[PDB]
$ cat entry.txt   # compact mmCIF, C-alpha atoms and all ligand atoms
# COMPACT_ATOMS: atom_id res chain seq x y z
CA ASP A 1 -20.36 -14.83 -114.01
CA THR A 2 -20.60 -18.26 -115.65
CA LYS A 3 -17.92 -20.61 -116.95
CA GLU A 4 -19.15 -19.92 -120.49
CA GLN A 5 -18.74 -16.17 -119.99
CA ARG A 6 -15.23 -16.69 -118.60
CA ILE A 7 -14.30 -18.72 -121.68
CA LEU A 8 -15.55 -15.96 -124.00
CA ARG A 9 -13.70 -13.32 -121.97
CA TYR A 10 -10.46 -15.32 -122.23
CA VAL A 11 -10.88 -15.49 -126.01
CA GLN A 12 -11.59 -11.76 -126.27
CA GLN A 13 -8.49 -11.02 -124.17
CA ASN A 14 -6.06 -13.51 -125.74
CA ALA A 15 -7.19 -14.63 -129.20
CA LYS A 16 -6.48 -12.55 -132.28
CA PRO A 17 -9.62 -11.03 -133.86
CA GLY A 18 -10.71 -12.63 -137.11
CA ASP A 19 -8.34 -15.59 -136.57
CA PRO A 20 -10.41 -18.78 -136.11
CA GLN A 21 -7.34 -20.92 -135.40
CA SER A 22 -6.27 -18.50 -132.66
CA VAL A 23 -9.77 -18.62 -131.14
CA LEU A 24 -9.68 -22.43 -131.04
CA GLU A 25 -6.26 -22.49 -129.35
CA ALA A 26 -7.43 -19.98 -126.73
CA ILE A 27 -10.49 -22.07 -125.84
CA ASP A 28 -8.41 -25.25 -125.63
CA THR A 29 -5.78 -23.47 -123.53
CA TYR A 30 -8.29 -22.11 -121.01
CA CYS A 31 -10.09 -25.43 -120.60
CA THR A 32 -6.87 -27.46 -120.40
CA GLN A 33 -5.43 -25.27 -117.63
CA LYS A 34 -8.40 -23.79 -115.74
CA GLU A 35 -11.93 -25.17 -116.26
CA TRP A 36 -12.91 -28.29 -118.19
CA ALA A 37 -15.72 -27.74 -120.70
CA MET A 38 -17.59 -29.93 -123.17
CA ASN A 39 -16.09 -28.54 -126.38
CA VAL A 40 -15.25 -31.25 -128.90
CA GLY A 41 -11.58 -30.43 -128.28
CA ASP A 42 -8.47 -30.54 -130.42
CA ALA A 43 -7.94 -34.32 -130.43
CA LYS A 44 -11.36 -35.14 -131.86
CA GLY A 45 -11.42 -31.77 -133.62
CA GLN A 46 -8.47 -32.77 -135.79
CA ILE A 47 -10.45 -35.83 -136.88
CA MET A 48 -13.38 -33.49 -137.58
CA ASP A 49 -11.08 -31.29 -139.68
CA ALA A 50 -9.96 -34.28 -141.76
CA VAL A 51 -13.55 -35.44 -142.35
CA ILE A 52 -14.63 -31.93 -143.37
CA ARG A 53 -11.71 -31.58 -145.79
CA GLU A 54 -12.50 -34.92 -147.44
CA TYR A 55 -16.18 -34.30 -148.17
CA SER A 56 -16.14 -30.49 -148.58
CA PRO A 57 -19.79 -30.04 -147.54
CA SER A 58 -21.78 -27.08 -148.84
CA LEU A 59 -24.45 -27.22 -146.11
CA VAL A 60 -23.69 -28.43 -142.58
CA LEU A 61 -26.14 -28.84 -139.70
CA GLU A 62 -24.82 -28.83 -136.13
CA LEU A 63 -26.85 -30.13 -133.17
CA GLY A 64 -25.55 -28.41 -130.04
CA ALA A 65 -23.44 -25.24 -130.20
CA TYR A 66 -22.57 -24.57 -126.53
CA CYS A 67 -19.88 -21.87 -126.79
CA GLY A 68 -19.26 -22.14 -130.54
CA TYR A 69 -16.00 -24.10 -130.47
CA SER A 70 -17.19 -26.75 -132.92
CA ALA A 71 -18.93 -24.12 -135.06
CA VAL A 72 -15.68 -22.15 -135.33
CA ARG A 73 -13.82 -25.39 -136.04
CA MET A 74 -16.06 -26.38 -138.95
CA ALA A 75 -16.84 -22.94 -140.41
CA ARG A 76 -13.16 -22.01 -140.79
CA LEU A 77 -12.77 -24.91 -143.25
CA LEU A 78 -15.88 -24.32 -145.38
CA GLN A 79 -15.62 -23.16 -148.98
CA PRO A 80 -16.93 -19.70 -149.94
CA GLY A 81 -20.70 -19.83 -150.21
CA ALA A 82 -21.01 -22.83 -147.90
CA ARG A 83 -23.28 -22.57 -144.87
CA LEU A 84 -23.33 -23.92 -141.33
CA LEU A 85 -26.55 -24.04 -139.31
CA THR A 86 -26.27 -24.79 -135.60
CA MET A 87 -29.12 -25.45 -133.16
CA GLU A 88 -28.78 -24.46 -129.50
CA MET A 89 -31.68 -24.65 -127.04
CA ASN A 90 -29.89 -22.68 -124.29
CA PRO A 91 -30.21 -18.93 -125.02
CA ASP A 92 -27.32 -18.09 -122.69
CA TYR A 93 -25.09 -20.52 -124.60
CA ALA A 94 -26.24 -19.33 -128.03
CA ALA A 95 -25.47 -15.72 -127.11
CA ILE A 96 -21.94 -16.85 -126.27
CA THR A 97 -21.74 -18.77 -129.56
CA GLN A 98 -22.76 -15.69 -131.56
CA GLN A 99 -20.08 -13.56 -129.87
CA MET A 100 -17.53 -16.34 -130.42
CA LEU A 101 -18.34 -16.49 -134.14
CA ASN A 102 -18.27 -12.69 -134.43
CA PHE A 103 -14.81 -12.53 -132.86
CA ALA A 104 -13.46 -15.23 -135.18
CA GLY A 105 -14.90 -13.39 -138.20
CA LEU A 106 -17.14 -16.30 -139.24
CA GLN A 107 -20.55 -14.71 -138.60
CA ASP A 108 -21.42 -14.58 -142.32
CA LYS A 109 -21.00 -18.37 -142.58
CA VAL A 110 -22.92 -19.58 -139.50
CA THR A 111 -26.60 -19.18 -138.63
CA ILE A 112 -27.68 -19.88 -135.04
CA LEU A 113 -31.10 -21.46 -134.51
CA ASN A 114 -32.51 -20.79 -131.04
CA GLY A 115 -34.57 -23.73 -129.82
CA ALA A 116 -34.74 -27.48 -129.45
CA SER A 117 -33.65 -29.64 -132.38
CA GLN A 118 -36.88 -31.66 -132.33
CA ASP A 119 -38.79 -28.38 -132.75
CA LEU A 120 -36.44 -26.76 -135.28
CA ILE A 121 -35.70 -29.71 -137.59
CA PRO A 122 -39.22 -29.72 -139.15
CA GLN A 123 -38.77 -26.00 -139.96
CA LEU A 124 -35.42 -26.19 -141.78
CA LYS A 125 -36.68 -26.54 -145.36
CA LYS A 126 -39.29 -23.79 -145.07
CA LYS A 127 -37.61 -21.16 -142.88
CA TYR A 128 -33.91 -21.53 -143.76
CA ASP A 129 -34.06 -22.51 -147.46
CA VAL A 130 -32.70 -26.04 -147.09
CA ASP A 131 -33.05 -28.87 -149.60
CA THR A 132 -30.89 -31.68 -148.23
CA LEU A 133 -27.97 -31.62 -145.81
CA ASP A 134 -24.44 -32.55 -146.84
CA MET A 135 -23.17 -33.13 -143.30
CA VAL A 136 -24.63 -33.34 -139.79
CA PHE A 137 -22.63 -32.99 -136.56
CA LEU A 138 -24.45 -34.57 -133.61
CA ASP A 139 -23.24 -33.25 -130.26
CA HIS A 140 -26.28 -32.39 -128.08
CA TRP A 141 -27.91 -34.46 -125.33
CA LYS A 142 -27.07 -38.12 -125.87
CA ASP A 143 -30.68 -39.34 -125.73
CA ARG A 144 -31.57 -37.20 -128.78
CA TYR A 145 -29.06 -38.67 -131.27
CA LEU A 146 -31.34 -41.48 -132.45
CA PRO A 147 -34.76 -39.70 -132.44
CA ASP A 148 -33.29 -36.67 -134.24
CA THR A 149 -31.63 -38.95 -136.81
CA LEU A 150 -35.05 -40.50 -137.46
CA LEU A 151 -36.57 -37.01 -137.57
CA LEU A 152 -33.99 -35.82 -140.11
CA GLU A 153 -34.82 -38.82 -142.30
CA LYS A 154 -38.59 -38.32 -141.97
CA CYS A 155 -38.39 -34.65 -142.96
CA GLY A 156 -36.42 -35.57 -146.10
CA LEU A 157 -33.27 -33.75 -144.98
CA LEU A 158 -30.97 -36.70 -145.76
CA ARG A 159 -29.69 -37.65 -149.20
CA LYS A 160 -27.50 -40.52 -150.36
CA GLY A 161 -24.02 -39.56 -149.23
CA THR A 162 -25.06 -37.33 -146.33
CA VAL A 163 -22.33 -37.61 -143.69
CA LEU A 164 -23.48 -37.95 -140.08
CA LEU A 165 -20.63 -37.33 -137.63
CA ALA A 166 -21.50 -38.17 -134.02
CA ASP A 167 -19.48 -37.13 -130.98
CA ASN A 168 -19.25 -38.93 -127.63
CA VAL A 169 -20.37 -42.33 -128.94
CA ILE A 170 -18.23 -43.96 -126.23
CA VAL A 171 -18.21 -41.42 -123.38
CA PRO A 172 -20.77 -40.43 -122.18
CA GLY A 173 -21.95 -42.82 -124.89
CA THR A 174 -24.88 -43.11 -127.31
CA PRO A 175 -25.70 -46.84 -127.20
CA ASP A 176 -29.09 -46.77 -128.94
CA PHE A 177 -27.88 -44.46 -131.72
CA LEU A 178 -24.71 -46.52 -132.20
CA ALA A 179 -26.59 -49.83 -132.36
CA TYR A 180 -29.14 -48.42 -134.82
CA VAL A 181 -26.78 -46.92 -137.40
CA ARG A 182 -24.38 -49.87 -137.24
CA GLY A 183 -27.23 -52.37 -137.60
CA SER A 184 -29.13 -50.50 -140.32
CA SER A 185 -28.24 -50.91 -143.99
CA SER A 186 -29.26 -47.25 -144.42
CA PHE A 187 -25.98 -46.14 -142.79
CA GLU A 188 -22.40 -47.17 -143.57
CA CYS A 189 -20.42 -46.59 -140.39
CA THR A 190 -16.77 -45.91 -139.56
CA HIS A 191 -15.41 -45.49 -136.03
CA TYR A 192 -12.62 -42.99 -135.32
CA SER A 193 -11.23 -43.75 -131.88
CA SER A 194 -9.75 -40.80 -130.01
CA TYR A 195 -9.91 -39.26 -126.53
CA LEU A 196 -12.41 -37.25 -124.52
CA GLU A 197 -11.70 -33.53 -124.68
CA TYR A 198 -8.81 -32.34 -122.49
CA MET A 199 -8.55 -35.84 -120.97
CA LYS A 200 -7.03 -39.26 -121.63
CA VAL A 201 -10.38 -41.06 -121.34
CA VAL A 202 -11.15 -43.08 -124.45
CA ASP A 203 -13.86 -41.63 -126.69
CA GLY A 204 -14.55 -41.66 -130.41
CA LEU A 205 -16.46 -40.20 -133.32
CA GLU A 206 -18.81 -42.29 -135.46
CA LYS A 207 -19.21 -41.42 -139.14
CA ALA A 208 -22.52 -42.72 -140.53
CA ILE A 209 -23.03 -42.15 -144.26
CA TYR A 210 -26.68 -42.30 -145.32
CA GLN A 211 -27.28 -44.76 -148.17
CA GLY A 212 -30.98 -44.13 -148.79
CA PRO A 213 -34.28 -45.61 -147.52
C1 LIG B 1 -15.94 -35.33 -118.10
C2 LIG B 1 -16.40 -36.78 -117.97
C3 LIG B 1 -15.63 -37.71 -117.31
CL1 LIG B 1 -14.08 -37.24 -116.58
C4 LIG B 1 -16.09 -39.02 -117.22
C5 LIG B 1 -15.26 -40.08 -116.50
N1 LIG B 1 -17.23 -39.37 -117.76
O1 LIG B 1 -17.65 -40.70 -117.64
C6 LIG B 1 -18.00 -38.51 -118.40
CL2 LIG B 1 -19.55 -39.05 -119.10
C7 LIG B 1 -17.61 -37.19 -118.52
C8 LIG B 1 -18.50 -36.20 -119.27
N2 LIG B 1 -19.42 -35.39 -118.76
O2 LIG B 1 -19.97 -34.71 -119.74
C9 LIG B 1 -19.42 -35.06 -120.87
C10 LIG B 1 -19.77 -34.51 -122.25
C11 LIG B 1 -18.84 -34.47 -123.27
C12 LIG B 1 -19.21 -33.97 -124.51
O3 LIG B 1 -18.28 -33.91 -125.55
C13 LIG B 1 -20.50 -33.52 -124.72
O4 LIG B 1 -20.88 -33.02 -125.97
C14 LIG B 1 -21.43 -33.57 -123.70
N3 LIG B 1 -22.79 -33.12 -123.88
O5 LIG B 1 -23.63 -33.13 -122.76
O6 LIG B 1 -23.26 -32.69 -125.13
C15 LIG B 1 -21.06 -34.07 -122.46
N4 LIG B 1 -18.50 -35.99 -120.62
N1 LIG B 2 -32.46 -30.93 -128.01
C1 LIG B 2 -31.52 -29.99 -128.18
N2 LIG B 2 -31.64 -29.07 -129.20
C2 LIG B 2 -30.67 -28.10 -129.37
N3 LIG B 2 -29.58 -28.06 -128.53
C3 LIG B 2 -29.47 -28.96 -127.52
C4 LIG B 2 -30.43 -29.94 -127.33
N4 LIG B 2 -30.05 -30.69 -126.27
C5 LIG B 2 -28.88 -30.21 -125.79
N5 LIG B 2 -28.51 -29.13 -126.56
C6 LIG B 2 -27.31 -28.30 -126.42
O1 LIG B 2 -26.20 -28.98 -126.97
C7 LIG B 2 -25.01 -28.58 -126.31
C8 LIG B 2 -24.08 -29.77 -126.19
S1 LIG B 2 -22.37 -29.34 -125.77
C9 LIG B 2 -21.89 -29.30 -127.52
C10 LIG B 2 -20.57 -28.55 -127.69
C11 LIG B 2 -20.20 -28.12 -129.10
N6 LIG B 2 -20.83 -28.98 -130.09
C12 LIG B 2 -18.68 -28.08 -129.24
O2 LIG B 2 -18.04 -29.09 -129.51
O3 LIG B 2 -18.06 -27.03 -129.07
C13 LIG B 2 -25.43 -28.00 -124.97
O4 LIG B 2 -24.97 -26.68 -124.86
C14 LIG B 2 -26.95 -28.01 -124.97
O5 LIG B 2 -27.46 -26.76 -124.58
MG MG B 3 -19.43 -33.62 -127.32
$ encode --input "entry.txt" --output "structure tokens"
Amino acid sequence: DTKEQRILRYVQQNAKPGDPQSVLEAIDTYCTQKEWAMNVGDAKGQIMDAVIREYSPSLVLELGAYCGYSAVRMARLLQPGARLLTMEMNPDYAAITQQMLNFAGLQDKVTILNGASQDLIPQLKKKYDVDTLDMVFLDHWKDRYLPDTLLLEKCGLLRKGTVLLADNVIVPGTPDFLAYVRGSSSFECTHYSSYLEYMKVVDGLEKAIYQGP
């Protein structure tokens, strides 16, 4: 089997069904003690939790689901009626994410989009009944952060106050995205310095709040 299947099996065998917090702790436990994996982790996840609780977004878009750790982390804090849409181009990973969300009891809150973000972003308004996004979590391939941010703006998916939260802006790093949002008056930026998941390597999240054209 794969590492992603072993993570899901550990959750199914150790986490409590319908308990998102228990599912998160099981994923973090397995990857801390057995196999490292690119989940956002508990250190940066706690910063994510605080950002989510401050802005209380009604519609969240996630770029990169992997095994569903970040989707479980964000969906467990959403108000009733709020929605999370997550895009995952790997079908093997998205099948794991769906089973992870089902186990945590959050399937009614999260919708998985199978495909590449650059192909799915232009179809959000028509196919998934989206006006503008309240929050965007960027966590896919690092070279897509900036072009997808420009694509989200072109398709009219950003409004004044839309919160962009970017992972891995230090390690592995997103230099072009970081330089663009920090240099553009369209984005007010705040850096939250933390640590790479399950490690003591320095990383951080960048919050970029859209201010308009
Ligand atoms: C593990 C590691 C170590 Cl020990 C060192 C020293 N360095 O330099 C790097 Cl770069 C890595 C590293 N490899 O992959 C990732 C990573 C993390 C994500 O959170 C993420 O989302 C994605 N991703 O591909 O989406 C990738 N990090
Ligand atoms: N262009 C793209 N469109 C959609 N998904 C992409 C993508 N490029 C990479 N990805 C996916 O994004 C994932 C990044 S790992 C992200 C982990 C997750 N956000 C968490 O914290 O738990 C990978 O699984 C990869 O398959
Ligand atoms: Mg990441």
$ residues_around --input "entry.txt" --residues "region 101-115 of chain A" --least-positions-apart "4" --cutoff "6 Å" --atoms "all atoms listed in the file" --output "MDAnalysis selection string"
chainID A and resid 17:20 83:89
$ residues_around --input "entry.txt" --residues "residue 70 (chain A)" --least-positions-apart "5" --cutoff "10 Å" --atoms "all atoms listed in the file" --output "list in words"
residues 24, 39, 40, 41, 42, 45, 48, 62, 64, 65, 75, 86, 97, 137 and 139 of chain A
$ closest_residue --input "entry.txt" --among "A:174, A:32, A:13, A:132" --to "ligand MG 3 (chain B)" --atoms "only C-alpha atoms and all ligand atoms"
A:174
$ residues_around --input "entry.txt" --residues "residue 77 (chain A)" --least-positions-apart "3" --cutoff "12 Å" --atoms "only C-alpha atoms" --output "ChimeraX atom specification"
/A:20-21,45-46,48-58,60,70-74,80-84,106,109
$ write_last_selection --input "entry.txt" --atoms "C-alpha atoms" --output "PDB file, in the frame of the given file"
ATOM      1  CA  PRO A  20     -10.410 -18.780-136.110  1.00  0.00           C
ATOM      2  CA  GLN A  21      -7.340 -20.920-135.400  1.00  0.00           C
ATOM      3  CA  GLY A  45     -11.420 -31.770-133.620  1.00  0.00           C
ATOM      4  CA  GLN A  46      -8.470 -32.770-135.790  1.00  0.00           C
ATOM      5  CA  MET A  48     -13.380 -33.490-137.580  1.00  0.00           C
ATOM      6  CA  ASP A  49     -11.080 -31.290-139.680  1.00  0.00           C
ATOM      7  CA  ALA A  50      -9.960 -34.280-141.760  1.00  0.00           C
ATOM      8  CA  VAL A  51     -13.550 -35.440-142.350  1.00  0.00           C
ATOM      9  CA  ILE A  52     -14.630 -31.930-143.370  1.00  0.00           C
ATOM     10  CA  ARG A  53     -11.710 -31.580-145.790  1.00  0.00           C
ATOM     11  CA  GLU A  54     -12.500 -34.920-147.440  1.00  0.00           C
ATOM     12  CA  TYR A  55     -16.180 -34.300-148.170  1.00  0.00           C
ATOM     13  CA  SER A  56     -16.140 -30.490-148.580  1.00  0.00           C
ATOM     14  CA  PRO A  57     -19.790 -30.040-147.540  1.00  0.00           C
ATOM     15  CA  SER A  58     -21.780 -27.080-148.840  1.00  0.00           C
ATOM     16  CA  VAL A  60     -23.690 -28.430-142.580  1.00  0.00           C
ATOM     17  CA  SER A  70     -17.190 -26.750-132.920  1.00  0.00           C
ATOM     18  CA  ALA A  71     -18.930 -24.120-135.060  1.00  0.00           C
ATOM     19  CA  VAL A  72     -15.680 -22.150-135.330  1.00  0.00           C
ATOM     20  CA  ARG A  73     -13.820 -25.390-136.040  1.00  0.00           C
ATOM     21  CA  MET A  74     -16.060 -26.380-138.950  1.00  0.00           C
ATOM     22  CA  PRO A  80     -16.930 -19.700-149.940  1.00  0.00           C
ATOM     23  CA  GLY A  81     -20.700 -19.830-150.210  1.00  0.00           C
ATOM     24  CA  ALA A  82     -21.010 -22.830-147.900  1.00  0.00           C
ATOM     25  CA  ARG A  83     -23.280 -22.570-144.870  1.00  0.00           C
ATOM     26  CA  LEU A  84     -23.330 -23.920-141.330  1.00  0.00           C
ATOM     27  CA  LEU A 106     -17.140 -16.300-139.240  1.00  0.00           C
ATOM     28  CA  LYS A 109     -21.000 -18.370-142.580  1.00  0.00           C
TER      29      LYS A 109
END
$ closest_residue --input "entry.txt" --among "A:202, A:116, A:150, A:164" --to "residue 188 (chain A)" --atoms "all atoms listed in the file"
A:164
$ atom_distance --input "entry.txt" --atom1 "CA of residue 120 (chain A)" --atom2 "CA of residue 156 (chain A)"
14.0 Å
$ closest_atom_pairs --input "entry.txt" --of "chain A" --to "ligand MG 3 (chain B)" --cutoff "10 Å" --atoms "all atoms listed in the file" --output "CSV"
residue,atom,partner,partner_atom,distance
A:37,CA,B:MG3,MG,9.6
A:38,CA,B:MG3,MG,5.9
A:39,CA,B:MG3,MG,6.2
A:40,CA,B:MG3,MG,5.1
A:41,CA,B:MG3,MG,8.5
A:44,CA,B:MG3,MG,9.4
A:64,CA,B:MG3,MG,8.5
A:65,CA,B:MG3,MG,9.7
A:66,CA,B:MG3,MG,9.6
A:70,CA,B:MG3,MG,9.1
A:137,CA,B:MG3,MG,9.8
A:138,CA,B:MG3,MG,8.1
A:139,CA,B:MG3,MG,4.8
A:140,CA,B:MG3,MG,7.0
A:141,CA,B:MG3,MG,8.8
A:142,CA,B:MG3,MG,9.0
A:166,CA,B:MG3,MG,8.4
A:167,CA,B:MG3,MG,5.1
A:168,CA,B:MG3,MG,5.3
A:169,CA,B:MG3,MG,8.9
A:171,CA,B:MG3,MG,8.8
A:172,CA,B:MG3,MG,8.6
A:173,CA,B:MG3,MG,9.8
A:196,CA,B:MG3,MG,8.4
A:197,CA,B:MG3,MG,8.2
A:203,CA,B:MG3,MG,9.8
A:204,CA,B:MG3,MG,9.9
A:205,CA,B:MG3,MG,9.4
$ residues_around --input "entry.txt" --residues "residue 22 (chain A)" --least-positions-apart "6" --cutoff "9 Å" --atoms "all atoms listed in the file" --output "mmCIF file with C-alpha atoms, keeping the file's coordinate frame"
data_model
loop_
_atom_site.group_PDB
_atom_site.id
_atom_site.type_symbol
_atom_site.label_atom_id
_atom_site.label_comp_id
_atom_site.auth_asym_id
_atom_site.auth_seq_id
_atom_site.Cartn_x
_atom_site.Cartn_y
_atom_site.Cartn_z
ATOM 1 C CA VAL A 11 -10.880 -15.490 -126.010
ATOM 2 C CA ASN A 14 -6.060 -13.510 -125.740
ATOM 3 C CA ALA A 15 -7.190 -14.630 -129.200
ATOM 4 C CA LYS A 16 -6.480 -12.550 -132.280
ATOM 5 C CA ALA A 104 -13.460 -15.230 -135.180
#
$ residues_around --input "entry.txt" --residues "residue 179 (chain A)" --least-positions-apart "3" --cutoff "12 Å" --atoms "only C-alpha atoms" --output "ChimeraX atom specification"
/A:145-146,169-170,173-176,182-185,187,189,206,208
$ atom_distance --input "entry.txt" --atom1 "CA of residue 135 (chain A)" --atom2 "CA of residue 158 (chain A)"
8.9 Å
$ closest_residue --input "entry.txt" --among "A:31, A:94, A:133, A:43" --to "residue 121 (chain A)" --atoms "all atoms listed in the file"
A:133
$ atom_distance --input "entry.txt" --atom1 "atom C6 of ligand LIG 2 (chain B)" --atom2 "CA of residue 159 (chain A)"
24.7 Å
$ closest_residue --input "entry.txt" --among "A:25, A:35, A:131, A:148" --to "ligand LIG 1 (chain B)" --atoms "all atoms listed in the file"
A:35
$ axis_aligned_box --input "entry.txt" --around "region 48-57 of chain A" --padding-each-side "6 Å" --output "AutoDock Vina command-line options"
--center_x -14.9 --center_y -32.7 --center_z -143.1 --size_x 21.8 --size_y 17.4 --size_z 23.0
$ closest_residue --input "entry.txt" --among "A:157, A:95, A:209, A:178" --to "ligand LIG 2 (chain B)" --atoms "only C-alpha atoms and all ligand atoms"
A:95
$ closest_residue --input "entry.txt" --among "A:144, A:6, A:160, A:126" --to "ligand LIG 1 (chain B)" --atoms "only C-alpha atoms and all ligand atoms"
A:144
$ decode --input "entry.txt" --residues "region 103-121 of chain A" --atoms "N, CA and C atoms" --output "JSON list (two decimals), in the first residue's frame"
[["chain", "number", "residue", "atom", "x", "y", "z"],
["A", 103, "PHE", "N", -15.06, 9.90, 7.83],
["A", 103, "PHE", "CA", -14.80, 9.38, 9.17],
["A", 103, "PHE", "C", -14.97, 10.47, 10.23],
["A", 104, "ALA", "N", -14.50, 11.68, 9.94],
["A", 104, "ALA", "CA", -14.62, 12.78, 10.89],
["A", 104, "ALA", "C", -16.04, 13.34, 10.98],
["A", 105, "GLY", "N", -16.94, 12.91, 10.09],
["A", 105, "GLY", "CA", -18.30, 13.40, 10.11],
["A", 105, "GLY", "C", -18.50, 14.76, 9.49],
["A", 106, "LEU", "N", -17.58, 15.20, 8.63],
["A", 106, "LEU", "CA", -17.62, 16.54, 8.05],
["A", 106, "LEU", "C", -17.95, 16.52, 6.56],
["A", 107, "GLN", "N", -18.49, 15.41, 6.06],
["A", 107, "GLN", "CA", -18.71, 15.28, 4.62],
["A", 107, "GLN", "C", -19.74, 16.27, 4.11],
["A", 108, "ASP", "N", -20.72, 16.64, 4.94],
["A", 108, "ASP", "CA", -21.74, 17.59, 4.50],
["A", 108, "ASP", "C", -21.19, 19.00, 4.33],
["A", 109, "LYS", "N", -20.04, 19.30, 4.93],
["A", 109, "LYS", "CA", -19.47, 20.64, 4.89],
["A", 109, "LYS", "C", -18.44, 20.83, 3.78],
["A", 110, "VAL", "N", -17.81, 19.76, 3.30],
["A", 110, "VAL", "CA", -16.69, 19.86, 2.37],
["A", 110, "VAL", "C", -17.08, 19.24, 1.04],
["A", 111, "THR", "N", -16.69, 19.90, -0.05],
["A", 111, "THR", "CA", -16.89, 19.41, -1.40],
["A", 111, "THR", "C", -15.53, 19.29, -2.07],
["A", 112, "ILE", "N", -15.19, 18.09, -2.53],
["A", 112, "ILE", "CA", -13.91, 17.83, -3.17],
["A", 112, "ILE", "C", -14.04, 18.03, -4.67],
["A", 113, "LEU", "N", -13.13, 18.83, -5.23],
["A", 113, "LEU", "CA", -13.07, 19.08, -6.67],
["A", 113, "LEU", "C", -11.88, 18.34, -7.24],
["A", 114, "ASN", "N", -12.14, 17.39, -8.13],
["A", 114, "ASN", "CA", -11.10, 16.55, -8.71],
["A", 114, "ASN", "C", -10.55, 17.22, -9.96],
["A", 115, "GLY", "N", -9.31, 17.68, -9.88],
["A", 115, "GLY", "CA", -8.66, 18.28, -11.03],
["A", 115, "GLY", "C", -7.64, 19.32, -10.59],
["A", 116, "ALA", "N", -7.02, 19.94, -11.60],
["A", 116, "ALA", "CA", -6.03, 20.97, -11.35],
["A", 116, "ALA", "C", -6.71, 22.31, -11.07],
["A", 117, "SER", "N", -6.11, 23.08, -10.16],
["A", 117, "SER", "CA", -6.70, 24.35, -9.76],
["A", 117, "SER", "C", -6.85, 25.30, -10.94],
["A", 118, "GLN", "N", -5.84, 25.35, -11.82],
["A", 118, "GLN", "CA", -5.92, 26.23, -12.98],
["A", 118, "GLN", "C", -7.05, 25.84, -13.92],
["A", 119, "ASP", "N", -7.49, 24.59, -13.89],
["A", 119, "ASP", "CA", -8.62, 24.16, -14.70],
["A", 119, "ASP", "C", -9.95, 24.30, -13.97],
["A", 120, "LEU", "N", -9.95, 24.22, -12.64],
["A", 120, "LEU", "CA", -11.18, 24.24, -11.86],
["A", 120, "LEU", "C", -11.58, 25.63, -11.39],
["A", 121, "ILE", "N", -10.61, 26.53, -11.20],
["A", 121, "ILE", "CA", -10.93, 27.89, -10.75],
["A", 121, "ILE", "C", -11.90, 28.59, -11.69]]
